[PDB]
């Protein structure tokens, strides 16, 4: 469906879901989620015992998300390196959250944005960044993802 079927594993320790999944204590415990990246209009820490990164962003092609790629990647990566699980979510888990996860995948692999989106869709079929976000991912692939990959190597080995 258009808001998924529950939070979905994309990579070990990295999940995408909708806003309901993000407060579902059963899903959070089953998937051992200790970090939540909430990227939506009124994003704020909700549940105790979880570490949050909140990004106020609209699901509009006018919304810039590139400014937030580096902080999102750091947050996801530091959680995954300590063996913990991170959930990235927006309202529906289709566009804003997916775009941040694509940028992460692109940085930890040699994938362009389309192969990263394929990876997301294998776990979460509804994934579909809006056209403004697709444009931003294409510019990231052409001019910046190589800088982010080098940064990741120098920072984390």
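Numbering follows the first chain given and starts at 1.
- Between the stretches 45-53 and 103-111, it is 45-53 that shows the larger average CA temperature factor.
- Annotation for 16-24 versus 133-141: the higher mean temperature factor (C-alpha) is found in 133-141.
- Highest C-alpha temperature factor among 89, 70, 30, 121, as the PDB entry reports it: 30.
- You'll see in the entry that, of 94, 37, 116, 58, the Cα B factor peaks at 58.
- Residue 82: CA B factor in the highest third of modelled residues in this chain (values from the PDB entry).
- Residue 127: CA B factor in the middle third of modelled residues in this chain (values from the PDB entry).
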